[PDB]
Amino acid sequence: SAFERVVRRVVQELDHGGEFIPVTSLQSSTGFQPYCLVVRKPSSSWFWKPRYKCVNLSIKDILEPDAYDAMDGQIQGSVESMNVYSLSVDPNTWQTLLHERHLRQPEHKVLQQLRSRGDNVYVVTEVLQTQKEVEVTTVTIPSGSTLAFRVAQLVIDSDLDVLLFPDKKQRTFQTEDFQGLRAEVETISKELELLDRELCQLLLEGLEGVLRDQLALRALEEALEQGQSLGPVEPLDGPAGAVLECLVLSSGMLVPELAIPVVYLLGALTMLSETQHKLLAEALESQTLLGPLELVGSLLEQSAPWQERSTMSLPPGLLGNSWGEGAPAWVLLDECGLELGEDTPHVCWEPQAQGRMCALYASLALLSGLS
């Protein structure tokens, strides 16, 4: 809800200082304290970093000793009636702790499951909390609420080490820009008007229902995420199974050639917000899935390269969508994180909305293909 916007204004004025990955949900904002290992799903497309999910466990139970302190301070005041706090840990206690305690080699309860799935594992090295209980237009945001954080990956196959320099190549276990976005999306999309249209339409309606329900999305996600077991996945009820019944045959077996595009968009949809899910279902039911499509495409074309503040020009009303605070494209952009206005310049472009925006474009480009 509102909890999203505030974190935006937190990192908005901070200009992504030290890749302070923002928190996504409130039920998972309580789990992001120091020394909290997170897991990250296998690397998706090169244009969005999949959300860091928590496993709800610490690291003192992960080495041989089951035991340090957080080098607090760093008062970062308010950002405008809301003061913020942070907790850190100096590298000097990282190397000394790594040398004082050695890997608890007898540990395969989650470790075997992780190395089987092939995920990446990161450790929280810095946290952003509050020393105030802020309530503003109402919600009840408690003291100590975590808004952002920083990670350091580690790898475990023979030894252990921290990766304050996050290399994309190295995993825990063992190409272009907007023009590339065009090519990649096109190559993926062309592999979908492959099956017979009747099934395509059935999938679209199933998705429409799924978008209105986050829980259905999550359930479908768990059934086939990084398991992809040899056995046919058991269908689930509701529109999620209406999607899964579209993705299998009479026996129930799945085909990776059709699966890969589905998980891709799933990642594209997990990056997006709940309200954006609802708006897409409305745009599918109203067949207005092309207006915002061309808009976002031309905006991303004029915003190259990304990660650099540059005001954009193109007006959306001139293109064809209805404008005015409340319009679908307006609220869509605001949910992605772009500041809109009524007169010129009608847009400010920020680097932090990089990942989500590409996914928004990707979702649009895929839905228009089946309509």
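Sequence positions for chain A are given in Swiss-Prot numbering; the residues included correspond to 3-69, 83-95, 117-173, 205-241, 284-480, in order.
Going by what the header records, the deposited coordinates were determined by X-ray crystallography, 3.5 Å.
Every residue gets a Cβ built from N, Cα and C, even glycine.
According to Swiss-Prot, the feature O-linked glycosylation site maps to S338, an assignment based on experimental evidence. Positions annotated as phosphotyrosine by Swiss-Prot: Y37, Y158. Positions annotated as S-(2-succinyl)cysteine by Swiss-Prot: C56, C309, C467.
For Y158 (phosphotyrosine), none of the recorded positions have C-alpha atoms inside a 10 Å radius of its own C-alpha, out of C309, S338, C467. Taking the modified residues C309, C467 in turn and counting surrounding C-beta atoms within 10 angstroms, the largest count is reached at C467. Taking CA atoms as the reference points, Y37 (phosphotyrosine) and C309 (S-(2-succinyl)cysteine) are 45 Å apart. On the backbone, the CA of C467 (S-(2-succinyl)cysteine) and the CA of the residue listed as 'O-linked glycosylation site' stand 30 Å apart.
With a 10 A radius on its CB, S338 (O-linked glycosylation site) counts 8 other CB atoms from all the protein chains. Rounded to a whole number, the C-alpha distance linking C56 (S-(2-succinyl)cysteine) with the residue listed as 'O-linked glycosylation site' is 23 angstrom.
In the three-state DSSP assignment, the secondary structure recorded for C309 (S-(2-succinyl)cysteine) is helix. Distance across the unmodelled 31-residue segment, from the CA of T173 to the CA of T205, is 5 Å in the deposited entry.
The Cα of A69 and the Cα of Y83, which border 13 unmodelled residues, are 8 Å apart. With respect to Cβ neighbours within 10 Å, the modified residues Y37, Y158 differ, and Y37 shows the lowest count.
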